[PDB]
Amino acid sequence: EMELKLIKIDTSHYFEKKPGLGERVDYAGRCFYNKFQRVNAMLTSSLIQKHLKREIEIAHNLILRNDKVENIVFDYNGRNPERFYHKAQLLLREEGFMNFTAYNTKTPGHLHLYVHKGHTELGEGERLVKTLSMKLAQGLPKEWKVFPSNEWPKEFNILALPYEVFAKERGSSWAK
């Protein structure tokens, strides 16, 4: 199971997955089909339970007002989450990140790994997560996407609510 965990989800609005298809979006010379509809109403406790029951499929917006993000995220889409998570956690602690949480997503094997950085300017967070992704791809075949990213439209920087906690690490360091 899992109760309520602090990704510091923005609850002012949410995104609902719709059947289809998806609405065409052109972005940076490329085509996207958007299968999620923004809902301009609060993400309530009621709605999350419905999501956990799989009666609905809701996503929260990674990008906060003033283009800040609270988390950078690895979206792992492979079938070896334990191997992925092991190499990711070694990389993270080493690059200074000791606070992160991996959650199970809808497809067995898949995860979202949130790195609990704190409010970060959007561009900087895009860059930092890309750089980590590159470092990680040296030691593992790339079967993840990273968030936030400018590779897709701003509204595709959303994450389906997590279903279960896969793993979690916490810590603090002090030198000199």
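Residue indices: 1-based, along the sequence shown.
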Exercise. Where does residue 70 sit by CA temperature factor within its chain: lowest, middle or highest third?
Worked result: highest
Seminar exercise, completed: Of the three thirds of Cα B-factor ranks in this chain, residue 89 occupies the highest
For this session: Could you say whether, by C-alpha temperature factor, residue 52 belongs to the lowest, middle or highest third of its chain?
Result: lowest
Exercise. Going by the entry, which third of its chain does the Cα temperature factor of residue 111 land in?
Worked result: lowest
Problem set entry | Chain third (lowest, middle, highest) by recorded CA B-factor, residue given as residue 123 | middle
